[PDB]
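Geometric and topological summary
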Amino acid sequence: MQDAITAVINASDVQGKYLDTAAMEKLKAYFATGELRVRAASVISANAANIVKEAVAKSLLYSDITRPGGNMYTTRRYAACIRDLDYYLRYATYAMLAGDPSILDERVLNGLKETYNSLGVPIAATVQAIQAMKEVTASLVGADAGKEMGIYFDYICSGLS
Amino acid sequence: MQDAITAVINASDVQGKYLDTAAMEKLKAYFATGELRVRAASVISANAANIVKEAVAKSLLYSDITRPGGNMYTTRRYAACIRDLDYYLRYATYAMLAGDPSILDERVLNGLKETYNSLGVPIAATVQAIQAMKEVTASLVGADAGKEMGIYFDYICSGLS
Amino acid sequence: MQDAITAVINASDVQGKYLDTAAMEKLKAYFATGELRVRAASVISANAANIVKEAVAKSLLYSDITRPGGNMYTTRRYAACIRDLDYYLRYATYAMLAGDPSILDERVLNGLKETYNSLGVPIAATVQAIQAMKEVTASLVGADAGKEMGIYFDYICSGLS
Amino acid sequence: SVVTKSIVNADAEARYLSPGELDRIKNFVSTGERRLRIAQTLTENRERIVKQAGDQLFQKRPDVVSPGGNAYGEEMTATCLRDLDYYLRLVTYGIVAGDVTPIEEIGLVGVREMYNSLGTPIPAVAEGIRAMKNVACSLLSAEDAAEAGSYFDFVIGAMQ
Amino acid sequence: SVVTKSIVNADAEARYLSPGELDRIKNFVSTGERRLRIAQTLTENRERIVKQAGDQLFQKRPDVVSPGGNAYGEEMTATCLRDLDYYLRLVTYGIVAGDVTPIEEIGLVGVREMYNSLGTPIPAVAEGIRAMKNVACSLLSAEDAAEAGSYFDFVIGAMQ
Amino acid sequence: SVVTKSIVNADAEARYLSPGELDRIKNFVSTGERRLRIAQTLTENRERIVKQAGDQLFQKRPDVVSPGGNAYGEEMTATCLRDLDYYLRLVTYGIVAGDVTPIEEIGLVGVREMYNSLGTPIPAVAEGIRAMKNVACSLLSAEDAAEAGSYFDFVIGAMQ
Ligand SMILES: *[C@H](C)[C@H]1/C(=C/c2[nH]c(/C=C3N=C(/C=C4\NC(=O)C(CC)=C4C)C(C)=C\3CCC(=O)O)c(CCC(=O)O)c2C)NC(=O)[C@@H]1C
Ligand SMILES: *[C@H](C)[C@H]1/C(=C/c2[nH]c(/C=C3N=C(/C=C4\NC(=O)C(CC)=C4C)C(C)=C\3CCC(=O)O)c(CCC(=O)O)c2C)NC(=O)[C@@H]1C
Ligand SMILES: *[C@H](C)[C@H]1/C(=C/c2[nH]c(/C=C3N=C(/C=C4\NC(=O)C(CC)=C4C)C(C)=C\3CCC(=O)O)c(CCC(=O)O)c2C)NC(=O)[C@@H]1C
Ligand SMILES: *[C@H](C)[C@H]1/C(=C/c2[nH]c(/C=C3N=C(/C=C4\NC(=O)C(CC)=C4C)C(C)=C\3CCC(=O)O)c(CCC(=O)O)c2C)NC(=O)[C@@H]1C
Ligand SMILES: *[C@H](C)[C@H]1/C(=C/c2[nH]c(/C=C3N=C(/C=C4\NC(=O)C(CC)=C4C)C(C)=C\3CCC(=O)O)c(CCC(=O)O)c2C)NC(=O)[C@@H]1C
Ligand SMILES: *[C@H](C)[C@H]1/C(=C/c2[nH]c(/C=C3N=C(/C=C4\NC(=O)C(CC)=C4C)C(C)=C\3CCC(=O)O)c(CCC(=O)O)c2C)NC(=O)[C@@H]1C
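Residues numbered from 1 in each chain as written, not as in the entry; some residues may be left out. Chains lettered and ligands numbered in written order. Heavy atoms only, no water.

Listed as the method for this PDB entry is X-ray crystallography; the listed resolution is 3.50 Å.

A count of helical and extended segments in chain D gives nine helices and zero strands. Put simply, chain D runs from its N terminus to its C terminus through helices and strands in the order α-α-α-α-α-α-α-α-α. In terms of overall dimensions, chain D has a C-alpha envelope of 60 × 35 × 20 Å along the principal axes. Expressed as a percentage of the 160 residues in chain D, the buried residues total 49%. Across chain D, 17 positive and 22 negative side-chain charges occur, with their mean positions spaced 3 Å apart. (Helix = DSSP H or I, 4+ residues; strand = E, 2+ residues; numbered from the N terminus. Buried < 20%, exposed > 50% of the residue type's maximum accessible area, 1.4 Å probe, protein only. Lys, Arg positive; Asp, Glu negative; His and termini not counted. Charge placed at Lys NZ, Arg CZ, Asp CG, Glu CD.)

Let us look at the overall build of chain A. Looking only at helices and strands, one finds nine helices and zero strands in chain A. Relative to its 161 residues, chain A shows a buried fraction of 51%. The long-range share in chain A, meaning contacts at least 24 apart out of those at least 6 apart in sequence, stands at 70%. For chain A, the accessible area works out to roughly 7300 Å², and carbon and sulfur atoms hold 50% of it. Across chain A, the centroid of the 16 positively charged side chains sits 5 Å from that of the 17 negatively charged ones. (Contact = heavy atoms within 4.5 Å. Areas by Shrake-Rupley, 256 points an atom, 1.4 Å probe, with all protein chains shown as cover.)

A word on the interface of chain A and chain F. Contacts between the two partners involve 34 residues from chain A and, on the opposite side, 33 residues from chain F. A buried area of about 2900 Å², summed over both sides, lies between chain A and chain F, and 71% of it is on carbon and sulfur atoms. Counting the surface chain A buries against chain F, the share from its top three residues, A:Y18, A:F31 and A:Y94, is 26%. The interface formed by chain A and chain F contains four salt bridges. Here A:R90 makes a salt bridge to F:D11, at a shortest N to O gap of 3.3 Å. At the boundary of chain A and chain F, one finds 12 residue pairs in polar contact. Among the secondary structure elements, those contributing two or more residues to the side of chain A that touches chain F are α1 (4-15), α2 (21-32), α3 (34-46), α5 (75-98) and α6 (102-107) of chain A. For the side of chain A that touches chain F, the element with the most residues is α5(A), which contributes eight residues. Across the side of chain A that touches chain F, the residue classes tally to 19 nonpolar, seven polar and eight charged. (Buried area = accessible area lost by both parts, 1.4 Å probe. Salt bridge = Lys/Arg side-chain N within 4 Å of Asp/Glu carboxyl O. Polar contact = N/O pair within 3.5 Å; in protein donor to acceptor, adjacent residues only side chain to side chain. Nonpolar A, V, L, I, M, F, W, Y, C, P; charged D, E, K, R; others polar.)

A few words now on the site of ligand 6. All names here are of chain C. In the region of ligand 6, 18 residues are neighbours, and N71, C81, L85, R107 and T126 sit closest. Between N71 and ligand 6, the recorded distance is 3.3 Å, taken from a side-chain N or O atom to a nitrogen atom. Within the side chain of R83, an N or O atom sits 3.4 Å from a nitrogen atom of ligand 6. Contact with the protein chains hides 78% of the accessible area of ligand 6, taken as 870 Å² for the molecule alone. Counting only elements with at least two residues in the shell around ligand 6, the list comes to α5 (75-98) and α8 (123-141). Residue contributions to the shell around ligand 6 peak at nine residues, all from α5. A per-class count over the shell around ligand 6 returns 11 nonpolar, two polar and five charged. (Near = heavy atom within 4 Å.)

On to helix α1 (residues 4-15) of chain C. With 12 residues, α1(C) should cover 16 Å at 1.5 Å per step; its first-to-last C-alpha distance of 18 Å lies within 8% of that length. Considered for burial, the residues of α1(C) that qualify are C:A4, C:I5, C:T6, C:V8, C:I9, C:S12 and C:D13. Buried residues along α1(C) sit against α2 (21-32) and α5 of chain C together with α1 (2-12), α2 (19-30), α5 (74-97) and α6 (101-107) of chain E. Positive phi appears at C:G16, one or two residues downstream of α1(C), with a value of about 75°. (Expected span 1.5 Å × (residues − 1).)

Take the packing of aromatic side chains next. In the structure shown here, the tally under the stated rule is 15 aromatic pairs over all chains. Residues B:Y73 and E:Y86 carry aromatic rings whose centres are separated by 6.2 Å and whose planes lie at 85° to one another, so their mutual orientation is edge-to-face. Remark: E:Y86 occurs in helix α5 and B:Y73 occurs in the loop between α4 (48-60) and α5 (75-98); the pair is interchain, linking two chains. Judged by relative accessible area, B:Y73 falls into the buried class, the value being 6%. Aromatic rings pair up to connect A:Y30, A:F31 and F:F28 into one cluster. A cation over a ring is seen here: A:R90 above A:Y91, with NZ or CZ 5.2 Å from the ring centre. One cation-aromatic arrangement involves D:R82 over D:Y86; the distance from NZ or CZ to the ring centre is 5.0 Å. (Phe/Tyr/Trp six-rings, centres within 6.5 Å; stacked < 30°, edge-to-face > 60°. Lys NZ or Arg CZ within 6 Å of the ring centre and 35° of its normal.)

This next bit is on the site of ligand 1. Close contacts around ligand 1 come from 25 residues, with A:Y62, A:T66, A:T74, D:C80 and D:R82 the closest. Note that an oxygen atom of ligand 1 is positioned 2.9 Å from one of the backbone N or O atoms of A:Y62. If ligand 1 stood free it would expose 920 Å²; the protein chains cover 94% of that surface. Sorting the residues of the shell around ligand 1 by element identifies α5 (74-97), α6 (101-107), α7 (111-118) and α8 (122-139) of chain D as the ones contributing at least two each. It is α5(D) that provides the largest number of residues to the shell around ligand 1, a total of seven residues.

It is worth spelling out the packing of helix α1 (residues 2-12) of chain D against helix α2 (residues 19-30) of chain D at this point. Residues and elements named next belong to chain D. Where α1 meets α2, the axes come as close as 9 Å, and the angle between the chain directions of the two elements is 170°. With respect to each other, α1 and α2 are oriented roughly antiparallel. Judged by residue contacts, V2, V3, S6, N9 and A10 of α1 engage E21, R24, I25 and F28 from α2. Its residues placed into classes, the contact of α1 with α2 shows five nonpolar, two polar and two charged. (Axes fitted to C-alpha atoms, helices over the stretch in contact; angles between N-to-C directions. Parallel < 35°, antiparallel > 145°, perpendicular 65-115°, else oblique.)

For the rest of this paragraph, the subject is the packing of helix α3 (residues 32-44) of chain D against α5(D). Residue and element names in this part refer to chain D. α5 packs onto α3 with a crossing angle of 170° between their chain directions and a minimal axis gap of 8 Å. The angle between α3 and α5 places the two elements in the roughly antiparallel class. Residues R35, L36, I38, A39, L42 and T43 of α3 touch α5, and the partners they reach there are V91, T92, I95 and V96.

The next point concerns unusual backbone geometry. For A:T74, which is not a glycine, the phi torsion comes out positive at approximately 80°. Mapping A:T74 onto the fold places it in the loop between α4 (48-60) and α5. Its relative accessible area of 13% is what places A:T74 among the buried residues. Backbone geometry at F:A14 places phi at a positive 65°, although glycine is not the residue there.

With that out of the way, let us pick up the pattern of salt bridges. Per the stated rule, a full pass over the model turns up 54 salt bridges over all chains. Note that C:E135 and C:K58 form a salt bridge whose closest N and O atoms lie 3.0 Å from each other. Here the residue C:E135 occupies a position in helix α8, and C:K58 occupies one in helix α4 (residues 48-60), the gap between them amounting to 77 residues. The residues C:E135 and C:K58 share a single accessibility class, namely exposed. Measuring nitrogen to oxygen at the nearest pair gives 2.8 Å for the salt bridge that ties D:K133 to D:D153. Remark: D:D153 occurs in helix α9 (residues 142-159) and D:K133 occurs in helix α8; sequence separation between them is 20 residues. Judged by its relative accessible area of 38%, D:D153 is partly exposed. Through salt bridges with shared partners, a single ionic network connects A:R90, A:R107 and F:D11.

With that settled, consider the UniProt feature "binding site: (2R,3E)-phycocyanobilin" in chain D. Taking the UniProt record as the reference, the feature "binding site: (2R,3E)-phycocyanobilin" is found at D:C80. Leaving out residues up to four positions away in the same chain, D:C80 has contacts with D:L57, D:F58 and D:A71. (UniProt positions renumbered as here; feature names shortened; annotations may be inferred.)

This part covers the arrangement of the chains. Of all C-alpha pairs spanning chain D and chain E, none lies closer than 17 Å, and the two are not in contact. Regarding chain E and chain F, which are not in contact, the minimum distance between any of their C-alpha atoms is 17 Å.

What follows deals with the UniProt feature "binding site: (2R,3E)-phycocyanobilin" in chain A. Residue and element names in this part refer to chain A. UniProt feature "binding site: (2R,3E)-phycocyanobilin": in the numbering of this structure it lies at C81. Checked against the element boundaries, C81 lands in helix α5. Apart from the residues lying within four places of it in its own chain, the contact partners of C81 are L60 and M72.

What follows deals with the state of the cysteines. Scanning the entire structure with this criterion turns up zero disulfides over all chains. Here D:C137 is not disulfide-linked; the sulfur of D:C80 is the nearest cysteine sulfur, at 20 Å. (Disulfide = S-S within 2.5 Å.)

Put into structure tokens, the structure is as follows:
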């Protein structure tokens, strides 16, 4: 995978150039916002179970998907769904903490849409759950940290669609 | 896999309804014909080697496929062919005993046509062998048990084509 | 895999005929040229490292591929490239020694073009390297042995394109 | 079912069903009529079993229907009686199937992951199906109450 | 062949053929002319070997050509002489190949699965190729009979 | 980087970053400004470091630039100074990354396979980067020379 630092290094590596005056400023932008990223990660780690709980109750619960015939129906498929929200929340935190969505492309979104369309999982319902967590996470981490997380929340939703 | 009983349960499960008055009659139909299915399975198990032998001699033997250039030629491909008839006869007995062709879709027909077309096995010749076993099995098990087996024999042939 | 001897046997096997008067001459052609094939293999085995070295310096080195941005750039991708030339030279020697390009189709060219196009390896640059080894090998093994090797060198290049 | 289990075990070893395994299908089909009558009795008395089991459940565990509990209010209490209806519907499938696989696959596999996320006390849910067992078995005969009760006990044990 | 075997073993360890393995190809190509003459001698005297081997086979095992046996009748007996012709054709490939791989891959791999299904006695089939060995080797010289006979023995051993 | 390593280790065990692992990112981002100044100092004095390191390298190993050696001639010697420029460029990435992964992935993984094929003496290449270390560290402060020098030592150790 890549992060904000190594992504800039690889960009200069392919060109065969040293770290430019513009390239140094991109790193300084990441270092200056380093403590803000770490502060948000600790809050989400503490409220990991609560963010997923509120997101499911807001968007998913009390609807056709939870009822017989729906995809969330049965304890196996219900437990399998909240497990995905636990991944999406955890992998979104890595993308924010790293400052690069390379981890989402490799270890999450790679062949994810094809796996759902095969099994029969609704993508539209999954997006609403992730978008629900974006609003719930933003209230806890704040406006500054909430926006940065939202970039990688929307990146996961973009990969599914 | 599924059988006649669990298939009816899953049908009522997706609707989210209890066992209907019509659904109970489908189960009673399976239970009433339970001893007839078991009687046929024991006969085919005893005459497992003979049914495959007569079917091959009737349809496959003394023809281009057994001669050099054909697909049954060589002891490896000959032994590999009778092995398939041993599967088709065994998996057809499971489908009859279960009363549902779900086992044929999962553990037999799944990617079977693609495997033959790759290796170069003739599908038309394979169907005649299975249809040969249908006539041979029907004479042993009887008219009542022979028809029920024939449904799942024709189901395998339908999957190949 | 197959060689010059077993390839002729399989040709007569599918027809269901004994070794024909014409088929015997094909074997005698291989046996008469047997010592010439073995002599060439020992020369290439001794000069295995030198043939790959000169071929890379002639075609690959000092160009865009070795420079930053190119596919040979970095020690990992450089070492991975010379490793391929070590395979192509070794597998070409097997094809010459066997007298049949069946080994190239099975254990080399099978899904090779798809693997490169995925990773992003240039096929045009790879062909020039193999064609470079053909000229270098021909000078060592001689005119008689050099032509026979060239058939299987060009066969690998044909498989990539 | 026993028919499904016998085929899966036979297919695993690559062989036709043994004389013993065929006999497990012989008695299964003969005693099928008995289990259907047991399933119908619970199905006919479906609304009564859920109501009485709920009343006994909330008597033994008032904290769930008290302020702060999971089943506080009319909607939250009504949703709990639906859970009881689900497991009662699964028990009827388990009975007619002759084993606890339909109960397991549907409403037990990953059941604690569901209720822990919802915040429902699972020992309270286990105490709920205890109430259904006693109310359901009272309608059935002495022999049928013993058979049907084993499926309820499996649902209790899975939750614990 | 020895050339194929040397390449497969060399490719397995990721290396060029050793001086010893190259020498196994050197003598193989030199003695190739010798084995072709042995193959031609059996090919020219093909019809005679099959007829005499059959006559000796049915003398030692009359039950196969007697009523109830597998080779009873003109068509069934003629089909048995074809089997002998097949293995004689495979022996000629084995000789010219320098090893028993062509014999193994074609007519030996899963040979008992074939004959047990057909109902043919395989020890009778093994006794048939014993007859071919003695009739085939009698045509060849003392040195060639020893070489060609080792391929027949392999076909006998595989059936047993 | 330490951020990448902390995420990879956390993702492996299926868990959020621990308080300790988060602290490794806290100090990393605070000391990021320090390492950027070290990277700039080497970048500004890029041409001087390569020239002086080359002069010292050829003094200690004259055989490489003598007739018969790998770096004999103006073009071959100029290509050797580019190799030094590459590893100096990799060192600056290693410094700003906070670890030797950028140095490892690019110019060290399969480095001996490259130079053995080219015919370059790798201990001579290791002696070249020793010269860069001493020339580069002399420009930096006492504290920065200790930090930057550890990345040079890693490149030396990988070649040996
Ligand atoms: C009653 C004994 C206990 C109780 C239960 C309770 N449940 C809910 C909400 C839900 N329960 C389920 C249950 C299932 N879904 C399934 O697919 C299966 C297997 C077939 C079962 C058993 C579901 C899906 C929900 C979500 C609602 C929906 O259907 O969409 C609540 C409400 C929780 C809340 O606050 O929202 C309660 C209270 N409550 C108790 O106190 C008892 C311990
Ligand atoms: C929840 C919001 C939605 C939902 C999901 C659901 N998923 C499955 C089955 C699987 N889901 C995954 C997902 C992941 N695997 C990963 O490795 C990662 C991170 C890299 C994710 C997010 C996988 C692998 C499976 C298959 C495993 C399995 O045991 O099935 C189901 C069950 C589908 C089935 O029939 O098996 C469901 C229901 N369901 C919803 O309704 C929401 C829209
Ligand atoms: C003779 C020594 C024994 C014998 C043989 C016998 N064979 C058959 C029928 C067949 N035999 C074969 C044999 C082969 N097929 C192959 O591909 C190979 C490898 C190259 C071999 C050796 C085959 C294919 C048949 C089927 C006929 C066909 O060709 O389509 C019979 C007839 C059996 C019957 O009753 O139909 C017999 C009798 N019989 C003996 O008694 C000897 C022991
Ligand atoms: C016989 C009626 C026909 C025939 C068949 C034949 N099959 C093969 C090779 C394979 N056949 C299978 C079949 C199955 N695999 C299964 O798991 C099941 C049940 C679930 C079946 C029915 C498989 C897996 C193979 C590949 C294995 C292998 O060792 O090859 C061949 C040989 C093809 C080849 O060249 O390898 C043949 C000849 N041949 C006929 O002529 C009949 C029409
Ligand atoms: C100098 C300390 C030593 C030395 C070096 C030398 N190198 C070459 C030729 C090449 N060196 C490289 C090196 C790299 N490529 C990479 O991708 C990386 C990682 C980023 C490195 C370090 C390459 C690619 C070449 C090929 C030329 C090209 O760029 O295309 C030579 C020339 C060899 C020849 O004879 O052609 C030399 C001499 N020489 C010494 O004496 C020192 C020990
Ligand atoms: C050299 C002439 C060209 C070149 C090659 C290059 N290849 C790779 C990566 C791989 N190459 C192979 C090749 C083979 N695998 C085999 O098994 C055989 C013989 C049967 C061959 C010839 C494989 C399997 C890989 C993947 C393994 C890996 O570790 O990557 C690369 C690296 C690509 C990457 O980004 O990973 C390169 C650069 N490069 C050139 O520029 C020449 C045109």
